[PDB]
>>> print(open('run-v5.txt').read())   # compact mmCIF, C-alpha atoms
# COMPACT_ATOMS: atom_id res chain seq x y z
CA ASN P 1 -19.63 22.28 -43.28
CA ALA P 2 -22.74 22.26 -41.08
CA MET P 3 -23.29 19.49 -38.57
CA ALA P 4 -25.57 16.97 -40.13
CA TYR P 5 -27.69 15.74 -37.29
CA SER P 6 -28.67 12.13 -37.68
CA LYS P 7 -32.07 10.68 -36.90
CA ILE P 8 -32.68 10.02 -33.22
CA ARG P 9 -32.61 6.28 -32.62
CA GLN P 10 -35.80 5.38 -30.73
CA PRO P 11 -36.96 1.77 -31.22
CA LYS P 12 -40.42 1.40 -32.69
CA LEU P 13 -42.96 0.82 -29.93
CA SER P 14 -44.29 -2.32 -31.61
CA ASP P 15 -40.75 -3.73 -31.55
CA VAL P 16 -40.43 -2.87 -27.84
CA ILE P 17 -43.71 -4.64 -27.06
CA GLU P 18 -42.75 -7.62 -29.22
CA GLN P 19 -39.46 -8.03 -27.36
CA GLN P 20 -41.05 -7.78 -23.90
CA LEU P 21 -43.79 -10.29 -24.69
CA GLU P 22 -41.24 -12.61 -26.30
CA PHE P 23 -39.06 -12.42 -23.19
CA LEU P 24 -42.03 -13.23 -20.93
CA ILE P 25 -42.83 -16.27 -23.07
CA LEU P 26 -39.28 -17.56 -23.46
CA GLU P 27 -38.54 -17.14 -19.75
CA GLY P 28 -41.74 -19.00 -18.83
CA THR P 29 -43.56 -16.12 -17.12
CA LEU P 30 -46.37 -16.74 -19.60
CA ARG P 31 -47.00 -20.48 -19.78
CA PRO P 32 -47.82 -22.46 -22.93
CA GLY P 33 -51.57 -22.25 -23.43
CA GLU P 34 -52.00 -18.99 -21.59
CA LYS P 35 -54.57 -16.70 -23.13
CA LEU P 36 -53.65 -13.05 -23.51
CA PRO P 37 -56.18 -10.42 -22.45
CA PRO P 38 -58.11 -8.95 -25.36
CA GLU P 39 -56.33 -6.11 -27.15
CA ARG P 40 -58.11 -3.25 -25.37
CA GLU P 41 -57.36 -4.67 -21.92
CA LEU P 42 -53.77 -5.71 -22.66
CA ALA P 43 -52.99 -2.33 -24.21
CA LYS P 44 -54.35 -0.66 -21.07
CA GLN P 45 -52.18 -2.83 -18.81
CA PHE P 46 -49.12 -2.28 -21.03
CA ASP P 47 -50.04 1.42 -21.32
CA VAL P 48 -49.45 1.42 -25.09
CA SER P 49 -51.47 2.27 -28.16
CA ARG P 50 -53.66 -0.49 -29.51
CA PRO P 51 -52.19 -0.46 -33.05
CA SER P 52 -48.64 -0.91 -31.73
CA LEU P 53 -49.71 -3.86 -29.58
CA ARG P 54 -51.67 -5.26 -32.52
CA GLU P 55 -48.56 -5.19 -34.70
CA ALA P 56 -46.41 -6.77 -31.99
CA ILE P 57 -48.88 -9.64 -31.65
CA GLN P 58 -48.84 -10.16 -35.42
CA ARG P 59 -45.04 -10.46 -35.34
CA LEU P 60 -45.18 -12.95 -32.45
CA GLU P 61 -47.78 -14.97 -34.36
CA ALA P 62 -45.43 -15.03 -37.34
CA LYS P 63 -42.67 -16.36 -35.05
CA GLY P 64 -44.98 -19.08 -33.72
CA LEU P 65 -44.95 -17.80 -30.14
CA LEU P 66 -48.63 -16.83 -30.28
CA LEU P 67 -51.63 -18.17 -32.17
CA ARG P 68 -54.97 -16.43 -32.70
CA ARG P 69 -58.16 -18.47 -32.94
CA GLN P 70 -60.75 -17.15 -35.37
CA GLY P 71 -63.43 -17.75 -32.75
CA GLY P 72 -61.54 -15.56 -30.32
CA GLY P 73 -58.41 -15.17 -28.28
CA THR P 74 -54.67 -15.26 -28.78
CA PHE P 75 -52.75 -17.98 -26.95
CA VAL P 76 -49.14 -18.60 -25.98
CA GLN P 77 -47.63 -21.51 -27.86
CA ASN Z 1 -54.45 -15.39 -9.96
CA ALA Z 2 -54.31 -13.68 -13.36
CA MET Z 3 -51.02 -12.47 -14.76
CA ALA Z 4 -50.75 -8.81 -14.01
CA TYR Z 5 -48.99 -7.38 -17.00
CA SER Z 6 -46.80 -4.46 -16.12
CA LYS Z 7 -46.45 -1.28 -18.14
CA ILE Z 8 -44.14 -1.57 -21.13
CA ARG Z 9 -40.94 0.31 -20.40
CA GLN Z 10 -40.33 2.67 -23.33
CA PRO Z 11 -38.25 5.75 -22.47
CA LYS Z 12 -39.97 9.06 -23.10
CA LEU Z 13 -38.90 10.47 -26.46
CA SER Z 14 -37.89 13.80 -24.91
CA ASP Z 15 -35.54 11.88 -22.59
CA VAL Z 16 -34.07 10.00 -25.56
CA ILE Z 17 -33.43 13.26 -27.42
CA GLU Z 18 -32.00 14.89 -24.29
CA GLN Z 19 -29.54 12.04 -23.81
CA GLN Z 20 -28.39 12.04 -27.45
CA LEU Z 21 -27.86 15.81 -27.56
CA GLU Z 22 -26.08 15.68 -24.19
CA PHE Z 23 -23.77 12.94 -25.49
CA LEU Z 24 -22.95 14.97 -28.62
CA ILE Z 25 -22.08 17.97 -26.45
CA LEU Z 26 -20.08 16.11 -23.81
CA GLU Z 27 -18.11 14.17 -26.43
CA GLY Z 28 -17.30 17.38 -28.32
CA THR Z 29 -19.19 16.60 -31.52
CA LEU Z 30 -21.05 19.86 -30.94
CA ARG Z 31 -18.52 22.53 -29.99
CA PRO Z 32 -19.01 25.25 -27.37
CA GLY Z 33 -20.75 28.15 -29.09
CA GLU Z 34 -22.38 26.05 -31.77
CA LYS Z 35 -25.86 27.19 -32.68
CA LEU Z 36 -28.53 24.53 -33.01
CA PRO Z 37 -30.83 24.63 -36.03
CA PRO Z 38 -34.22 26.17 -35.27
CA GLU Z 39 -36.73 23.75 -33.78
CA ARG Z 40 -38.56 22.94 -37.02
CA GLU Z 41 -35.34 22.10 -38.86
CA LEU Z 42 -33.70 20.19 -36.01
CA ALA Z 43 -36.86 18.14 -35.41
CA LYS Z 44 -36.89 17.27 -39.12
CA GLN Z 45 -33.25 16.15 -39.02
CA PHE Z 46 -33.81 14.19 -35.79
CA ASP Z 47 -37.12 12.87 -37.22
CA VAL Z 48 -38.96 13.59 -33.96
CA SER Z 49 -42.00 15.60 -32.93
CA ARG Z 50 -41.39 19.25 -32.22
CA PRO Z 51 -42.83 19.20 -28.67
CA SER Z 52 -40.54 16.35 -27.62
CA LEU Z 53 -37.48 18.17 -28.97
CA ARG Z 54 -38.70 21.37 -27.32
CA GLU Z 55 -38.87 19.64 -23.94
CA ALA Z 56 -35.44 18.06 -24.40
CA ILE Z 57 -33.92 21.46 -25.12
CA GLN Z 58 -35.56 22.90 -22.00
CA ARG Z 59 -33.98 20.15 -19.89
CA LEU Z 60 -30.55 20.77 -21.45
CA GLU Z 61 -30.95 24.50 -20.76
CA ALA Z 62 -31.71 23.66 -17.14
CA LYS Z 63 -28.49 21.60 -17.00
CA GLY Z 64 -26.49 24.50 -18.46
CA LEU Z 65 -25.50 22.64 -21.63
CA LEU Z 66 -27.60 24.94 -23.83
CA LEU Z 67 -28.65 28.57 -23.58
CA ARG Z 68 -31.43 30.29 -25.52
CA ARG Z 69 -31.10 33.96 -26.45
CA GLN Z 70 -34.34 35.94 -26.38
CA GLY Z 71 -33.38 37.51 -29.70
CA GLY Z 72 -33.08 34.07 -31.23
CA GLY Z 73 -31.17 30.83 -31.23
CA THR Z 74 -30.08 28.18 -28.77
CA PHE Z 75 -26.34 27.70 -28.31
CA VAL Z 76 -24.08 25.00 -26.90
CA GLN Z 77 -22.36 26.09 -23.72
>>> encode(input="run-v5.txt", output="structure tokens")
Amino acid sequence: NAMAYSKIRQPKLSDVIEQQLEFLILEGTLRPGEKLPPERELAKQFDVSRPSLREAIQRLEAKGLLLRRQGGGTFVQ
Amino acid sequence: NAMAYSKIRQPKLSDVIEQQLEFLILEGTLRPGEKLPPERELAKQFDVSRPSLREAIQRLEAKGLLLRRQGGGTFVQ
């Protein structure tokens, strides 16, 4: 009967951020040992919400591409 | 000096909606004369915010793919 419109496919912003950061790391634009800017500053540069960036960083940590130090700072591995 | 992170490229949701609706129309999935659901219902089916859908529809009107009647309803052209 009626057209059943399907959900618009828009990737989740955290996934978009994750994929861009991963590409920068894998391609070597970000070097091993490089320290990311703190969340507020990096989110400003990326022009994205802080929670979405925060989630992306968590996923990259889980992959082993980033590592957060409890003292402070997240670093490219 | 410091890496200058560039803005994350995420297409604007209204552009994503516009392109999907345009594809449905051009491919013939939505037929000429078909009436779209009202904004609230279509946004629910698309799972998108109402303002983003509203903007997409305005852009498709401007292209001549949709036409809104003052009495009510937006129709595929």
>>> calpha_fit_and_write(input="run-v5.txt", fixed="chain P", moving="chain Z", output="PDB file with C-alpha atoms, keeping the file's coordinate frame")
ATOM      1  CA  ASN Z   1     -19.628  22.280 -43.276  1.00  0.00           C
ATOM      2  CA  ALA Z   2     -22.739  22.252 -41.080  1.00  0.00           C
ATOM      3  CA  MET Z   3     -23.284  19.488 -38.568  1.00  0.00           C
ATOM      4  CA  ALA Z   4     -25.572  16.970 -40.135  1.00  0.00           C
ATOM      5  CA  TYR Z   5     -27.684  15.739 -37.288  1.00  0.00           C
ATOM      6  CA  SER Z   6     -28.670  12.138 -37.680  1.00  0.00           C
ATOM      7  CA  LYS Z   7     -32.076  10.688 -36.898  1.00  0.00           C
ATOM      8  CA  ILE Z   8     -32.685  10.015 -33.219  1.00  0.00           C
ATOM      9  CA  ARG Z   9     -32.609   6.281 -32.621  1.00  0.00           C
ATOM     10  CA  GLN Z  10     -35.796   5.380 -30.736  1.00  0.00           C
ATOM     11  CA  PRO Z  11     -36.954   1.778 -31.222  1.00  0.00           C
ATOM     12  CA  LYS Z  12     -40.419   1.403 -32.692  1.00  0.00           C
ATOM     13  CA  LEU Z  13     -42.957   0.824 -29.927  1.00  0.00           C
ATOM     14  CA  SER Z  14     -44.300  -2.318 -31.612  1.00  0.00           C
ATOM     15  CA  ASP Z  15     -40.753  -3.736 -31.543  1.00  0.00           C
ATOM     16  CA  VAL Z  16     -40.430  -2.871 -27.846  1.00  0.00           C
ATOM     17  CA  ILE Z  17     -43.709  -4.637 -27.056  1.00  0.00           C
ATOM     18  CA  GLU Z  18     -42.748  -7.621 -29.216  1.00  0.00           C
ATOM     19  CA  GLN Z  19     -39.458  -8.025 -27.367  1.00  0.00           C
ATOM     20  CA  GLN Z  20     -41.046  -7.777 -23.904  1.00  0.00           C
ATOM     21  CA  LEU Z  21     -43.797 -10.290 -24.694  1.00  0.00           C
ATOM     22  CA  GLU Z  22     -41.240 -12.615 -26.307  1.00  0.00           C
ATOM     23  CA  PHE Z  23     -39.058 -12.418 -23.187  1.00  0.00           C
ATOM     24  CA  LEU Z  24     -42.030 -13.230 -20.929  1.00  0.00           C
ATOM     25  CA  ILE Z  25     -42.832 -16.268 -23.071  1.00  0.00           C
ATOM     26  CA  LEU Z  26     -39.278 -17.552 -23.461  1.00  0.00           C
ATOM     27  CA  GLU Z  27     -38.544 -17.142 -19.746  1.00  0.00           C
ATOM     28  CA  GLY Z  28     -41.743 -19.000 -18.823  1.00  0.00           C
ATOM     29  CA  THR Z  29     -43.551 -16.127 -17.121  1.00  0.00           C
ATOM     30  CA  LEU Z  30     -46.366 -16.741 -19.596  1.00  0.00           C
ATOM     31  CA  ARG Z  31     -47.005 -20.481 -19.779  1.00  0.00           C
ATOM     32  CA  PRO Z  32     -47.820 -22.463 -22.928  1.00  0.00           C
ATOM     33  CA  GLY Z  33     -51.574 -22.252 -23.434  1.00  0.00           C
ATOM     34  CA  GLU Z  34     -52.001 -18.988 -21.588  1.00  0.00           C
ATOM     35  CA  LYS Z  35     -54.575 -16.701 -23.131  1.00  0.00           C
ATOM     36  CA  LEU Z  36     -53.654 -13.051 -23.509  1.00  0.00           C
ATOM     37  CA  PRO Z  37     -56.177 -10.421 -22.443  1.00  0.00           C
ATOM     38  CA  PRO Z  38     -58.114  -8.945 -25.361  1.00  0.00           C
ATOM     39  CA  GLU Z  39     -56.326  -6.116 -27.144  1.00  0.00           C
ATOM     40  CA  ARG Z  40     -58.112  -3.259 -25.370  1.00  0.00           C
ATOM     41  CA  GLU Z  41     -57.358  -4.669 -21.919  1.00  0.00           C
ATOM     42  CA  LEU Z  42     -53.777  -5.715 -22.654  1.00  0.00           C
ATOM     43  CA  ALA Z  43     -52.983  -2.325 -24.213  1.00  0.00           C
ATOM     44  CA  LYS Z  44     -54.355  -0.662 -21.071  1.00  0.00           C
ATOM     45  CA  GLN Z  45     -52.182  -2.832 -18.816  1.00  0.00           C
ATOM     46  CA  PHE Z  46     -49.119  -2.289 -21.031  1.00  0.00           C
ATOM     47  CA  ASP Z  47     -50.042   1.427 -21.317  1.00  0.00           C
ATOM     48  CA  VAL Z  48     -49.450   1.414 -25.082  1.00  0.00           C
ATOM     49  CA  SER Z  49     -51.476   2.272 -28.165  1.00  0.00           C
ATOM     50  CA  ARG Z  50     -53.661  -0.487 -29.513  1.00  0.00           C
ATOM     51  CA  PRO Z  51     -52.185  -0.458 -33.048  1.00  0.00           C
ATOM     52  CA  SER Z  52     -48.643  -0.909 -31.735  1.00  0.00           C
ATOM     53  CA  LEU Z  53     -49.706  -3.860 -29.576  1.00  0.00           C
ATOM     54  CA  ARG Z  54     -51.669  -5.258 -32.516  1.00  0.00           C
ATOM     55  CA  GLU Z  55     -48.564  -5.189 -34.707  1.00  0.00           C
ATOM     56  CA  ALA Z  56     -46.419  -6.765 -31.988  1.00  0.00           C
ATOM     57  CA  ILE Z  57     -48.877  -9.634 -31.648  1.00  0.00           C
ATOM     58  CA  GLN Z  58     -48.842 -10.166 -35.418  1.00  0.00           C
ATOM     59  CA  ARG Z  59     -45.045 -10.460 -35.349  1.00  0.00           C
ATOM     60  CA  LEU Z  60     -45.178 -12.946 -32.454  1.00  0.00           C
ATOM     61  CA  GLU Z  61     -47.785 -14.974 -34.362  1.00  0.00           C
ATOM     62  CA  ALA Z  62     -45.432 -15.035 -37.336  1.00  0.00           C
ATOM     63  CA  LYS Z  63     -42.667 -16.363 -35.051  1.00  0.00           C
ATOM     64  CA  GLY Z  64     -44.981 -19.085 -33.719  1.00  0.00           C
ATOM     65  CA  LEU Z  65     -44.949 -17.804 -30.135  1.00  0.00           C
ATOM     66  CA  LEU Z  66     -48.633 -16.830 -30.278  1.00  0.00           C
ATOM     67  CA  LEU Z  67     -51.630 -18.169 -32.167  1.00  0.00           C
ATOM     68  CA  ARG Z  68     -54.965 -16.427 -32.705  1.00  0.00           C
ATOM     69  CA  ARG Z  69     -58.157 -18.477 -32.935  1.00  0.00           C
ATOM     70  CA  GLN Z  70     -60.754 -17.153 -35.369  1.00  0.00           C
ATOM     71  CA  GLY Z  71     -63.430 -17.752 -32.745  1.00  0.00           C
ATOM     72  CA  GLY Z  72     -61.537 -15.553 -30.327  1.00  0.00           C
ATOM     73  CA  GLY Z  73     -58.403 -15.168 -28.283  1.00  0.00           C
ATOM     74  CA  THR Z  74     -54.661 -15.253 -28.785  1.00  0.00           C
ATOM     75  CA  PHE Z  75     -52.746 -17.975 -26.954  1.00  0.00           C
ATOM     76  CA  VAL Z  76     -49.133 -18.599 -25.984  1.00  0.00           C
ATOM     77  CA  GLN Z  77     -47.631 -21.513 -27.859  1.00  0.00           C
TER      78      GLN Z  77
END
>>> closest_residue(input="run-v5.txt", among="P:73, P:37, P:51, P:32", to="chain Z", atoms="only C-alpha atoms")
P:37
>>> residues_around(input="run-v5.txt", residues="residue P:29", least_positions_apart="3", cutoff="12 Å", atoms="only C-alpha atoms", output="ChimeraX atom specification")
/P:20-26,32-34,76 /Z:2-5
>>> closest_atom_pairs(input="run-v5.txt", of="chain P", to="chain Z", cutoff="12 Å", atoms="all atoms listed in the file", output="Markdown table")
| residue | atom | partner | partner_atom | distance |
| --- | --- | --- | --- | --- |
| P:2 | CA | Z:37 | CA | 9.8 |
| P:3 | CA | Z:30 | CA | 8.0 |
| P:4 | CA | Z:45 | CA | 7.8 |
| P:5 | CA | Z:45 | CA | 5.8 |
| P:6 | CA | Z:46 | CA | 5.9 |
| P:7 | CA | Z:46 | CA | 4.1 |
| P:8 | CA | Z:46 | CA | 5.0 |
| P:9 | CA | Z:16 | CA | 8.1 |
| P:10 | CA | Z:16 | CA | 7.1 |
| P:11 | CA | Z:10 | CA | 8.6 |
| P:12 | CA | Z:10 | CA | 9.4 |
| P:13 | CA | Z:10 | CA | 7.3 |
| P:14 | CA | Z:10 | CA | 10.4 |
| P:15 | CA | Z:10 | CA | 10.4 |
| P:16 | CA | Z:10 | CA | 7.1 |
| P:17 | CA | Z:8 | CA | 6.7 |
| P:18 | CA | Z:8 | CA | 10.2 |
| P:19 | CA | Z:8 | CA | 10.1 |
| P:20 | CA | Z:8 | CA | 7.5 |
| P:21 | CA | Z:8 | CA | 9.4 |
| P:24 | CA | Z:5 | CA | 9.9 |
| P:29 | CA | Z:3 | CA | 8.6 |
| P:30 | CA | Z:3 | CA | 8.0 |
| P:31 | CA | Z:3 | CA | 10.3 |
| P:34 | CA | Z:3 | CA | 9.5 |
| P:35 | CA | Z:3 | CA | 10.0 |
| P:36 | CA | Z:3 | CA | 9.2 |
| P:37 | CA | Z:3 | CA | 9.5 |
| P:41 | CA | Z:5 | CA | 10.1 |
| P:42 | CA | Z:5 | CA | 7.6 |
| P:43 | CA | Z:7 | CA | 9.0 |
| P:44 | CA | Z:7 | CA | 8.4 |
| P:45 | CA | Z:5 | CA | 5.8 |
| P:46 | CA | Z:7 | CA | 4.1 |
| P:47 | CA | Z:7 | CA | 5.5 |
| P:48 | CA | Z:8 | CA | 7.3 |
| P:49 | CA | Z:8 | CA | 10.9 |
| P:52 | CA | Z:8 | CA | 11.5 |
| P:53 | CA | Z:8 | CA | 10.4 |
>>> atom_distance(input="run-v5.txt", atom1="atom CA of residue Z:59", atom2="atom CA of residue P:1")
27.5 Å
>>> atom_distance(input="run-v5.txt", atom1="atom CA of residue P:72", atom2="atom CA of residue P:27")
25.4 Å
>>> atom_distance(input="run-v5.txt", atom1="atom CA of residue Z:77", atom2="atom CA of residue Z:63")
10.1 Å
